[PDB]
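All Cβ positions, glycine included, derive from the backbone under ideal geometry; neighbour counts span all protein chains shown. Only the coordinates and a few stated rules stand behind these numbers; no lab work does.
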């Protein structure tokens, strides 16, 4: 159902996120469809840039690695422990 | 002084071939070649090796060209055998020589003049997209090359904006009898305005017979066939469902003397270029038989000089497996009377055609329209492909 | 009616054995005016002589099937192909005896060719079963780049993909090389200690010498070779403890000849009890048409289940290859080979001998060494992974956050600018951010060390079609995993 | 298995170079090789050359060995004959099922 | 390292011989095989068998079911128990140890018996 949108986006796609944000503030673009945390952080730093709309395709992050490895269970348990304990709340309050 | 032999089995006018061959005065290469013309009616494999090696032992020849006129699909194997055994490069032009096969060996010096199995799929999809049919299905039987057909089809249809809807890619084969009812049931599970088939002659007739027994010829769906099925003109088993697209190499517009002329020119130019670049003209073969190990050296460098020929401003560059890379395929159609007619011509992705709109031999009615307001928006066709995107209909403005 | 079957052999004694076998065969079953005789011919050097001689033999009589055997010699797959090429145009079945090459398994090249012994690229089932028995899950292929090894690698890949456990890595070295040390260095210490080798004899010797020079043949490694690299000059250099495979009766051709004679006799006797048959054409110069004695004969020959004979049960799959073979898993000790097991086609039953694993000792090494050192790839991002060039000396300058903590830093090794395209140089920077300290906590809890380097391409990664190829490969950071 | 033959009736004058040859009756001696053992009269045999090229740790360099790979015979060459030469010399090879010992030779 | 030849020693026929060899300066818990080369008087050499300290044995196809060689881990000694000894096979028996490596390099040789 989104063929026209892809065919219109594919003409001019930027090579990196850092250049696109710099291009938006120069009025060479009118929108930018990217991740949520990065844009939420960006809206706080600068002034003339604001964030609108509602979240869609709500899929979280993750730590990728190969299919066969002995670290999987321990890594998942450590991440869950860090979430439950409260370490990530401290981490977010300082960097983001 | 390079000896090149020519073999004829087509029983054509050899006098005209000789007259065309002798009209060569290209004073740009110290080649001064010789031409030998011999005729036969022998299709048996046994006499082929004896006669070719007798010609090789006749007077120090280094290259041979095969000219066939039958529809035999097995000679190419023996030609590859001889090419692998005897280091003399050899290339066929007409007949079973143009029939393209699976693959040669690591160091086979055989070359063919017909189009490959990858140009035909591209031409098929080109004509399909040119006549706005889009929806199609593929059927095929086991053959040396079928595993490339479907792969190329999928690869091409996946990398385009236009809307292809390939489905029913069943692979029914008639190799096993005693159960052809299962073949009928499997074929019954298909319905599409266009079908593609890949099966040479006999199997094509079998499936055409069973399909006509089921019955889909006039109110059904058009068929498109590769050159390996129809191929030679004139003959027809009368089971062809009165209409067929049969993209194939032209025969009545390209002359055998011309093919011989450019083959001789290619061989002579390659030899002259090698001599000018290395001055290491190889010695002829030792003998026909009693040759246990007479390989003086692995002088296979001719392949690096023969796949790039520039003669009279004409591009003739074969490929690694043996291709043409710039053929002149034409598209032929069978009318209500059993004979083939020209409808178009293919040249470097420029599918020039004579029939503008398909003449269907009623639920087919015109629909007028006008372009205004957000009801009917007229756009421009994509300049790259030739037809425009999906979710759109092709209005033909006068 | 009288129908005869011809053959080509390598010695006069084999011709007498064939005559005795056919004489014993025809004196059994029925005698409804059926009498079969054997016509033989020796071998000649050049292949075109084989072609002319075999078509003359076809001229002598309507041969329903031809028996061919490879003379004792090096591989030389050019010896049996003239017979198949000549008889293929007539579409008459041809029976092979000792040719174990896997090229003939292709239906397209050879439409009519039957084999009595499994091909070289058919022992992967033994390796899979042995891995299942000794609980080995990580392997390192070393297949050479040729038409022979591709079939073996694809069969092993499919068999492993059945269990959703892919091979750890597959290497490829060009045949007939002189220095393969680079590949062995690359694949010496990846994750695994099980090496599966399949190549030619000379390449096997070169690989053996290179591995011996790298001190990899010591304790803690398990070798699993095919059949070719256990005999010939491959024993000049070979680490003790290799486990090779050998056919049970790959040299006693008499039993194979007898079983072939019996099976084709049964097939022809079953076929003759039908209607609508013709005869193959007489003369290799007169007729150029396909013999009607074609696919029906092969189809009835495939379904020829045989009860019990001199070699065991004989069953043919839909591949022209004999099934249910016996293999003798054997081990090499002190330059002397010995039997260790038996492969009956179902499983492997160990014998009363204890294997001697490479490097001495008898402990069945686990074949998996864990490396407590990971290479971690990250990409530049604004709030997650910053990148700041280091100061002149080389160590990063100190920084302080508002609440007063020494933000942790690690040193990256990524390229500078946008791409390393024009300048192919990498300058060490050091990166800090929201994910780096989480990685630090993970390393502290996990008890391992790390080393982070950026990604050269700079893209997140998507499936892109290769340049005029049918294989899809990844790109960017996604393709570096 | 196979057999080995040696010319056990070779004895030249002192201060001369001599060559001894061990021949393989059956097969080709090109994959598995041979080493030479010298046995003094009234003691145990001692190796003098292995791998057909390298002598053991500590021995005169006069003795040498080589192969031809054509006559299926391995040649061991001793130069500078002296009093330390009267001993029983033996060749020993092996196929990949057993061990094969040669007939032996001595010089006076 | 040193190999010392020992054993009771018998000359009577139609019996079973039993000779044991001691090793000084080395330990049999190693990677080196142990050979039992036999020397017939006035003739050459012929190999008999090899024994690994793990327990497996390697014999000669000719005298396959007639010679047994075993080792004693606790006593640090191996033995030969040739049975059905006839009167036409008398010889002097040598004890030798070879290096594993990738070759058969039987050295140094023991003192040797005189049975």
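What relative contact order, as a whole-number percentage, does the range B:1-43 give when Cα pairs under 8 Å and 6 or more residues apart are counted? Present the calculation step by step, with values, prior to reporting the outcome.
Details: 42 pairs, mean separation 29.8, N = 43.
Taking the mean separation of contacting Cα pairs over the length of the range B:1-43, I get 69 percent.
Mind giving me the FRET efficiency for residue B:349 and residue C:424? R0 is 30 Å, r the Cβ-Cβ distance, nearest 0.05 is fine. If you can, show how the numbers build up before the last one.
On the way: r = 37 Å, r/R0 = 1.25.
The computed FRET efficiency comes out at 0.20.
Using only helices, what value at 222 nm comes out for the protein assembly as shown when you add -39,500 (n - 2.57) per DSSP H run of length 4 or more and divide by the total residues, to the nearest 500 deg cm²/dmol? Each step should come with its number before you reach the end.
Working: 24 runs with 280 residues, N = 1198.
Taking each H run of at least 4 residues, the total per residue is -7000 deg cm²/dmol.
Determine the shape class of the range B:156-197: with a ≥ b ≥ c the square roots of the Cα gyration tensor eigenvalues, call it rounded for a/c under 1.5, and otherwise prolate if a/b is greater than b/c, oblate otherwise. Kindly include the intermediate steps, with their values, before the conclusion.
Details: a/c = 4.19, a/b = 2.56, b/c = 1.63.
Judged from the Cα gyration tensor, the range B:156-197 comes out prolate (a/c at least 1.5, a/b above b/c).
Per the Debye formula with a single identical scatterer at each Cα and no solvent contribution, what log10 I(q)/I(0) holds for chain B at q = 0.06, 0.13, 0.14 Å⁻¹?
At q = 0.06, 0.13, 0.14 Å⁻¹ the computed log10 ratios are -0.31, -1.16, -1.28.
Taking a temperature of 4 °C and a viscosity of 1.567 mPa s, what whole-number D in µm²/s does Stokes-Einstein yield for the range B:194-262 with Rh from Kirkwood over alpha carbon pairs? The partial results should precede the final answer.
On the way: Rh = 13.5 Å.
Roughly 96 µm²/s, to the nearest whole number.
State log₁₀ I(q)/I(0) for chain E at q = 0.15, 0.20 Å⁻¹ as given by the Debye formula over alpha-carbon point scatterers of equal weight, solvent excluded.
-0.63, -1.16
Using the 2.2 N^0.38 Å rule of thumb for compact globular proteins, work out how the protein assembly as shown stacks up: its C-alpha Rg over that value, please.
Values: Rg = 38.7 Å, N = 1198, 2.2 N^0.38 = 32.5 Å.
Normalised by 2.2 N^0.38 Å, the Cα Rg of the protein assembly as shown equals 1.19.
What distance in nm separates the two pseudo spin-label positions at residue B:298 and residue C:135, each 7 Å out from Cα along the beta-carbon direction?
Distance between label points: 4.9 nm.
I'd like the mean, over residues of C:373-385, of how many other protein chain beta carbons sit within 10 Å of each residue's own Cβ. Please list the in-between numbers first.
Working: counts 0, 3, 0, 2, 1, 0, 0, 3, 5, 9, 11, 7, 0.
Mean shielding count: 3.
Using only Cα atoms, figure out Rg for the range D:51-108 and give it as a multiple of 2.2 N^0.38 Å. Please report the intermediate quantities before stating the final value.
Working: Rg = 13.1 Å, N = 58, 2.2 N^0.38 = 10.3 Å.
Ratio of Rg to 2.2 N^0.38 Å for the range D:51-108: 1.27.
Would you mind giving the average projected area, over all directions, of the Cα convex hull of the range B:217-293 in nm² with one decimal? Mind showing how you got there, number by number?
Working: hull surface 42.5 nm².
Averaged projected area of the range B:217-293's Cα convex hull equals 10.6 nm².
Counting alpha carbon pairs within less than 8 Å and at least 6 residues apart, what relative contact order, in whole percent, applies to the range C:36-147? Display every interim value, and only then the final one.
Details: 94 pairs, mean separation 22.5, N = 112.
So the answer I get is 20 percent.
Just for the Cα atoms in the range C:188-344, what are the lengths along the principal axes, largest first, rounded to whole Å?
Dimensions of the range C:188-344 along the principal axes of its Cα atoms: 69, 38, 31 Å.
Over the range D:1-47, what relative contact order in percent results from Cα pairs under 8 Å that are six or more residues apart? Could you put the intermediate results ahead of the total?
Details: 33 pairs, mean separation 15.7, N = 47.
So the answer I get is 33 percent.
As a test of understanding, state the convex hull volume per residue of chain C from its alpha carbons, in Å³. Write out the running numbers ahead of the final one.
Working: hull volume 105.1 nm³, N = 481.
Once divided by residue count, the hull of chain C is 218 Å³.
Using alpha carbons only, how many degrees (0 to 90, rounded to 10) separate the axis of helix C:147-162 from the longest principal axis of chain C?
Result, in degrees: 70.
So what is the diffusion coefficient of the range B:105-234 in µm² per second by Stokes-Einstein at 4 °C and 1.567 mPa s, using a Kirkwood Rh over Cα pairs? Please list the in-between numbers first.
On the way: Rh = 16.2 Å.
Answer, rounded: 80 µm²/s.
Hey, what's the Kirkwood Rh for chain A if you take every pair of different alpha carbons, in angstrom?
Working: mean 1/r = 0.0585 Å⁻¹.
About 17.1 Å, per the Kirkwood formula over Cα pairs.
In Å and whole numbers, how far do the C-alpha atoms of the range C:33-72 stretch along each principal axis, longest first?
Sorted largest first, the three principal extents are 39, 23, 12 Å.
In units of 2.2 N^0.38 Å, what is the alpha-carbon radius of gyration of the range B:301-355? List each step's numbers first, then the result.
Working: Rg = 16.2 Å, N = 55, 2.2 N^0.38 = 10.1 Å.
Normalised Rg, Cα atoms only: 1.60.
Give me Rg over Rh for the range C:247-324, both radii from the alpha carbons and Rh done the Kirkwood way, two decimal places.
1.05
In peptide D:95-104, what is the residue-averaged number of other protein chain Cβ atoms found within 10 Å of each Cβ?
Numbers: counts 3, 8, 7, 8, 14, 3, 6, 2, 3, 3.
Mean shielding by partner chains, rounded to a whole number: 6.
Let me know the Kirkwood hydrodynamic radius for the range C:332-427, please, with Cα pairs as the basis and the value in Å to one decimal. Intermediate values should be presented prior to the final figure.
Numbers: mean 1/r = 0.0485 Å⁻¹.
Its Kirkwood hydrodynamic radius stands at 20.6 Å.
Could you list log10 I(q)/I(0) for the range C:67-180 at q = 0.12, 0.23 Å⁻¹, which the Debye formula gives when each Cα is one point scatterer?
-0.56, -1.25
Give or take rounding to whole Å, what are the principal axis extents of the alpha carbon atoms in chain D, in descending order?
Per principal axis, max minus min of the Cα coordinates gives 38, 28, 25 Å.
If you fit an axis through the alpha-carbon atoms of helix C:201-213 and take the longest principal axis of the Cα set of chain C, what angle between them do you get, 0 to 90°, nearest 10?
30
Once the Cα atoms of helix C:124-133 and of chain C are each reduced to a long axis, what angle between those two axes, in degrees from 0 to 90 to the nearest 10, is obtained?
60
Using a 7 Å offset from the Cα along the Cα-to-Cβ direction at both residue C:106 and residue B:335, what is the distance between the two label points in nm, to one decimal?
Rounded to a tenth, the inter-label distance reads 4.4 nm.
Label the range C:46-102 by shape, choosing from rounded, prolate and oblate, from the square roots a ≥ b ≥ c of the eigenvalues of the Cα gyration tensor; if a/c is under 1.5 it is rounded, and otherwise prolate applies when a/b is larger than b/c, oblate when it is not. Mind showing how you got there, number by number?
Numbers: a/c = 2.05, a/b = 1.56, b/c = 1.31.
The shape class here is prolate.
Within 10 Å of each Cβ of C:43-51, how many other protein chain Cβ atoms are there on average? Intermediate values should be presented prior to the final figure.
Numbers: counts 0, 3, 5, 7, 4, 12, 4, 0, 9.
Counting other chains' Cβ atoms within 10 Å and averaging over C:43-51 gives 5.
Would you calculate the volume per residue, in Å³, of the smallest convex hull containing every Cα atom of the range C:132-270? Walk me through the numbers before you get to the answer.
Details: hull volume 22.5 nm³, N = 139.
Expressed per residue, the convex hull around the Cα atoms of the range C:132-270 is 162 Å³.
Sorted by packing (mean other beta-carbon atoms within 10 Å per residue), highest first, where do B:270-281, B:2-13, C:90-101 land? Spell out each step's value before the answer.
Values: B:270-281: 14.9, B:2-13: 18.6, C:90-101: 21.2.
Result, highest mean Cβ count within 10 Å first: C:90-101, B:2-13, B:270-281.
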